[PDB]
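Encoded as structure tokens, the structure appears first; notes follow it.
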Amino acid sequence: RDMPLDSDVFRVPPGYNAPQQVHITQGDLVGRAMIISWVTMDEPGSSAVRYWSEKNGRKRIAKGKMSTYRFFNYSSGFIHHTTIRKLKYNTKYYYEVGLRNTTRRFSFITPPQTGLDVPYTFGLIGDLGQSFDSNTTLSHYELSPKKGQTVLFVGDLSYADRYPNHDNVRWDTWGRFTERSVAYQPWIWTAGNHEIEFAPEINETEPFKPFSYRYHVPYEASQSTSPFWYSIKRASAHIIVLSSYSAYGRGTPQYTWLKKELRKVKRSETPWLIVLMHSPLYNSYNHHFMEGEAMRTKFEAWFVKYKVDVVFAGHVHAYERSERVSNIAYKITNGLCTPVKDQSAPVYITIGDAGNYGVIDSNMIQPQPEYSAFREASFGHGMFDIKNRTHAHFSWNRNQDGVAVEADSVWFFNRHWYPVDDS
Amino acid sequence: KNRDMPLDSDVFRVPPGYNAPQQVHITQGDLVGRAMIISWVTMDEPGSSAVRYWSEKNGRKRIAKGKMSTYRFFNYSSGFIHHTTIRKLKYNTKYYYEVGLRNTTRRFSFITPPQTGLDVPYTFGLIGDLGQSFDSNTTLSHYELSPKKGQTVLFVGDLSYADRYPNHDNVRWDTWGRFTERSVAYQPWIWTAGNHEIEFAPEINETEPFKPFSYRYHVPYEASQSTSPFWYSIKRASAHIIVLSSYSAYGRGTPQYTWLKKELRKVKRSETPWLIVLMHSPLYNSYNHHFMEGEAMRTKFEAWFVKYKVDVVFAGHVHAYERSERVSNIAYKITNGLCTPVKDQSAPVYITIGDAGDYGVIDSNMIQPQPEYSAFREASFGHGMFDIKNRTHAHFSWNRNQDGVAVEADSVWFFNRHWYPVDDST
Ligand SMILES: *[C@@H]1O[C@H](CO)[C@@H](O[C@@H]2O[C@H](CO)[C@@H](O)[C@H](O)[C@H]2NC(C)=O)[C@H](O[C@@H]2O[C@@H](C)[C@@H](O)[C@@H](O)[C@@H]2O)[C@H]1NC(C)=O
Ligand SMILES: *[C@@H]1O[C@H](CO)[C@@H](O[C@@H]2O[C@H](CO)[C@@H](O)[C@H](O)[C@H]2NC(C)=O)[C@H](O[C@@H]2O[C@@H](C)[C@@H](O)[C@@H](O)[C@@H]2O)[C@H]1NC(C)=O
Ligand SMILES: *[C@@H]1O[C@H](CO)[C@@H](O)[C@H](O)[C@H]1NC(C)=O
Ligand SMILES: *[C@@H]1O[C@H](CO)[C@@H](O)[C@H](O)[C@H]1NC(C)=O
Ligand SMILES: *[C@@H]1O[C@H](CO)[C@@H](O)[C@H](O)[C@H]1NC(C)=O
Ligand SMILES: *[C@@H]1O[C@H](CO)[C@@H](O)[C@H](O)[C@H]1NC(C)=O
Ligand code: VN3
Ligand SMILES: [Fe+3]
Ligand SMILES: [Fe+3]
Ligand code: NA
Ligand code: NA
Ligand SMILES: [Zn+2]
Ligand SMILES: [Zn+2]
């Protein structure tokens, strides 16, 4: 069910050395920067980005870096990453790439300065892939009247690793296909298991290699030492991105980083505390049942201690919304291993249903457990729409519904600023 | 509070002569025991990485050529580290070897193991969390003086504790190398990485995990088709030893997870009936210190250990001694309430042996009451011995530093899970 190579969504932008696979993401901690990324296929080209605000109309130049990689017998084109800095808040910018030969122009709008009541609408997309289902989900997202301003992407991007030798051409197609969204609004990247691409049989033993060359993240801005875990702040939200497939034992870099990062969160500046990871800690579907248990034993108690509002994950190709529950009272021999209602705990949402390679996960463990509020095996996407420091509205849209139809929706009451039972 | 041996202690003396090799240490260099990695440091100049070696019988002297490396850690600059692999050795024979051939030569010896086989006896020492306190020295002394005669040390992690010093003062890696040489220059120590080897110190711009340890202690990880030094397998006599990394990734689909799943399928109990796992952090631990830190890895690998009938899992990290019953806790399914360990005669025994001395502190606070899964636990310094007699029987003993070197405060017969799975409860 993967879209054929000649699909319209995979068309090559015309013109000699025209930039393609253009994508942007936040480039700093607070929203004044953007990483601009693209690929040129005919020759290295310039890594310069020309950009200007609509407000001041002053054309500026930022210089970046070009890189290449190989994977088995695949050789990449020329990958460009350029960080535009010192941007004004809440301002429309135009930017151009391909300054030496064929120039292409895009735009984005910077977020407002971080603050207590700053509204912002986040899209939720996971396990996207490049099937016709993937295209429908992307269409529904961009047609949504809630108007997403940034996608929180919970992992499993291209599924290129399903192809012979992970045929990395399917990374190039995915980049051309997603450009119509991510060239104009940031996607916040989480690494999933299809990004691991550990393939010792063809001597590719470096985890996350193609993904890490193609998708950069501002990980140094939160004093992380690795691209696979990091934080950003945007509007009223503090977003923590974790790596299900990296080390998280006590004392490891990721564990150390997260422990310190949670102490740095200021709910008086960013009231909405959001965690992204690929593998869900709470999941009542058959597929990947209990894979999240290892990270849960390490980090669940911290999520409760710090009153995380919501944890988004993918991996399971379906939709699930938990109750606020915790399973943190276990001590090996005390028998306390059943999740209980816990209003201090986040809501766990699985949103890995954007299409993958066309397969939905319909097998559910029955009956629906007490910890699960709502689950359905349909393709779709989410929207987390912050109104102010106390209220955020989450909605789930199905591909088989109208683009303005929400099959599930719930009001989030903030755990720090308004801890009322939002059951 | 500071019980570390002072820099001028006799165990830290520098071998005399210009560029004399120091911190000499060996470990198995291949999968089956026909090779040895020879390692050492020269301090005055790079020197030669050549190793001269010969058996005590035929006496034909050969040269193996190795590689030199250096590293920096903050304001520390290492000396010149040599690693050289001697290959194609004969089984069960004594070899002499010489390092420092350019200037000051020093000579040592080792005895290769017998060829792997079903009924091959072999005596393994167990040492965890050694450190360089006076307690550490006593433990090493007790091991060297054992009447049972250890032939290889299985070391379950936390080596030098240099990371406790300001800027992890890597001089304390050098001292530890000189201190331990009296043992490890003559018999292999099998290295497991512990949390004191991570040395993740972003505050001083040292962010490469395991850097000083991995420069100083090499392992034959390619021999078992691992892509990382931090997890690997070796076979020695009748034992198949799997070394895991508590502080590397082990999620589904990760390199270590993938490697272990495939490696367990390669185990042949008719060739190496004793299946032994090493890791730093214990999956079963009834002490307060580090209680339940092993849960995450336990969720991933415990069921595999039972499926493959691992005989024993050795760990350190807790600075005390513990021996579990044969139990498993693998039946949990979130909502089925099955989260209590049960007797399980396919399961390994879990032994915590992280009590060789560290920086001088014992972990004495225990979970009360002693849980059913715990057979024996005691907060004393000491070390262990896993003495394989044959394919059905291995004798494990625990010697305390406060006792005579021949006294075993705890001991138990292991009955092999493949050839003789009798209840061997204490
Ligand atoms: C924070 O955002 C909430 C969601 O928009 C606000 O609630 C909404 O307030 C409207 C009046 O401004 C009201 O018609 C809507 O029904 C309501 N939506 C709900 C409750 O889901 C909230 O407004 C405060 O709380 C509500 C319950 C009323 O008491 C309002 O008068 C309050 O202003 C916003 N909080 C603010 C603005 O402080
Ligand atoms: C493997 O080694 C075991 C320990 O040395 C052997 O058991 C010991 O056998 C002695 C002489 O047969 C006997 O005096 C000891 O009591 C006994 N030790 C223990 C702890 O049981 C074992 O020998 C077999 O097993 C024992 C239990 C008897 O049935 C013997 O008759 C058997 O030969 C060795 N097993 C082998 C070589 O297969
Ligand atoms: C993908 O969806 C877009 C927007 O609905 C449509 O124009 C395009 O033809 C689709 N391409 C496919 C399904 O290959
Ligand atoms: C890579 O190798 C496969 C065979 O394993 C072949 O079919 C494919 O065309 C090769 N691709 C390139 C770009 O050489
Ligand atoms: C490294 O810095 C420490 C702390 O300032 C100092 O005591 C030590 O002598 C230094 N080591 C060097 C410069 O080799
Ligand atoms: C360490 O132990 C050895 C052997 O028991 C002894 O000769 C030496 O003096 C000790 N060194 C210390 C305690 O510093
Ligand atoms: O083999 V002779 O140099 O002691
Ligand atoms: Fe997926
Ligand atoms: Fe220790
Ligand atoms: Na699974
Ligand atoms: Na996992
Ligand atoms: Zn996945
Ligand atoms: Zn430890």
Side-chain angles (χ1 to χ4, degrees), chain A residues 5 41 68-77 115-121 146 160-173 197 199 201-204 210 235-237 267-268 271-272 309 383-395 406 409-423, chain B residues 2-14 127 130-146 150 160 172 175-186 356-360 381-383 399-406:
Chain A
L5 292 175
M41 295 298 300
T68 63
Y69 77 92
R70 291 181 185 247
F71 191 93
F72 191 58
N73 64 351
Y74 168 94
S75 301
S76 78
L116 221 35
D117 295 307
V118 182
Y120 211 73
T121 316
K146 301 202 171 318
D161 69 340
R162 295 180 67 256
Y163 282 79
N165 306 303
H166 305 197
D167 185 354
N168 271 208
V169 169
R170 282 285 174 169
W171 272 110
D172 299 312
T173 53
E197 302 203 50
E201 75 277 1
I202 46 165
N203 198 39
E204 291 291 344
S236 50
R267 308 293 280 277
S268 62
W272 291 99
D309 288 299
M383 280 277 221
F384 190 81
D385 193 13
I386 295 152
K387 302 295 171 183
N388 52 34
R389 86 190 68 177
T390 63
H391 281 71
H393 206 180
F394 178 81
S395 58
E406 319 292 5
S409 70
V410 60
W411 279 101
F412 275 72
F413 300 158
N414 192 263
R415 295 299 90 187
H416 179 90
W417 280 98
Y418 193 47
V420 200
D421 196 270
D422 59 359
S423 303
Chain B
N2 192 346
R3 301 185 169 81
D4 274 11
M5 296 177 278
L7 292 174
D8 69 356
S9 304
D10 50 6
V11 300
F12 301 144
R13 285 199 225 124
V14 170
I127 299 172
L130 179 56
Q132 46 194 297
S133 68
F134 295 97
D135 296 305
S136 319
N137 193 38
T138 301
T139 305
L140 189 51
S141 303
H142 277 223
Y143 174 70
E144 309 177 290
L145 292 169
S146 178
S160 67
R172 282 285 174 169
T175 54
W176 197 82
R178 295 199 291 275
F179 158 52
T180 52
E181 175 193 276
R182 74 178 199 243
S183 183
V184 66
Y186 300 91
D358 59 269
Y359 47 97
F381 295 116
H383 76 279
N399 169 267
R400 309 185 307 175
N401 281 3
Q402 65 257 52
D403 289 347
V405 301

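Counting starts at 1 for both ligands and their atoms, in listed order. Naming convention: chains lettered A, B, ... in sequence-line order (proteins, then strands); numbering from 1 in each chain. Below, each value reflects all heavy atoms present in this structure, side chains not excepted, and no hydrogens, waters or symmetry copies.
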Looking only at protein heavy atoms, which one is nearest to [atom], and what is the separation?
atom                    : result
atom 5 (O) of ligand 4  : A/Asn165 ND2, 3.4 Å
atom 25 (O) of ligand 1 : A/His391 CE1, 4.8 Å
atom 10 (C) of ligand 6 : B/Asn137 ND2, 2.5 Å
atom 3 (C) of ligand 4  : A/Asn73 ND2, 3.7 Å
atom 9 (O) of ligand 6  : B/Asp10 OD2, 2.7 Å
atom 4 (C) of ligand 6  : B/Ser141 OG, 3.4 Å

Aromatic ring pairing A/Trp272/A/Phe384, orientation class (parallel under 30°, perpendicular over 60°, tilted between):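 Perpendicular: the ring planes of A/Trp272 and A/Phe384 meet at over 60°.
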Geometric class of the A/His393/A/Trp411 ring pair [parallel <30°, tilted 30-60°, perpendicular >60°]: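 Geometry flag for A/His393 against A/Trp411: parallel rings.
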A/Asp385/A/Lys387 salt bridge by N-O under 4.0 Å criterion: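 Counted as a salt bridge, because a side-chain N and a carboxylate O are separated by less than 4.0 Å.
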Per-atom contacts of ligand 6 with B/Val11, taking only distances under 4.0 Å to non-hydrogen atoms: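 The atoms of ligand 6 under 4.0 Å from a heavy atom of B/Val11 are 1 (C), 11 (N).
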Atoms in ligand 6 flagged as close to B/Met5, the criterion being non-hydrogen separation under 4.0 Å: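 With B/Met5 as reference, the close atoms of ligand 6 come out as 14 (O).
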Ligand-residue contact atoms, ligand 1 with A/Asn388, heavy atoms, under 4.0 Å: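 So the atoms of ligand 1 that pass are 1 (C), 2 (O), 3 (C), 22 (C), 34 (C), 35 (N), 36 (C), 37 (C).
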Options A/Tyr418, A/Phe413, A/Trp417, A/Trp411, ranked by nearest heavy atom to atom 4 (C) of ligand 1, top entry: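 Answer by nearest heavy atom: A/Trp411.
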B/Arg182 atom CZ: more than 12 heavy-atom contacts under 6.0 Å: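 Count over threshold, so yes.
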Heavy atoms of other groups near A/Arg70 CZ, more than 12 under 6.0 Å: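 For A/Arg70, atom CZ is not crowded (no more than 12 foreign heavy atoms under 6.0 Å).
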May I ask whether [atom] is less than 4.0 Å from at least one protein heavy atom?
atom                    : answer
atom 9 (O) of ligand 1  : no
atom 36 (C) of ligand 1 : yes
atom 7 (O) of ligand 4  : no
atom 21 (O) of ligand 1 : yes

Polar side-chain atom of B/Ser136 near backbone of B/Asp358 as donor-acceptor pair, under 3.5 Å: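 Here the side-chain-to-backbone pair exists.
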Under 3.5 Å donor-acceptor, A/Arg170 side chain and A/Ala160 backbone: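 No, the answer is negative, given that no donor and acceptor are paired below the 3.5 Å cut-off.
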Between B/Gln132 and B/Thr175: side-chain donor-acceptor atoms closer than 3.5 Å: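 Their side chains do contain a donor-acceptor pair, which is all the 3.5 Å distance test asks for.
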A/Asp309 and A/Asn414: side chain donor to acceptor below 3.5 Å: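 Yes, a side-chain donor-acceptor pair sits under 3.5 Å.
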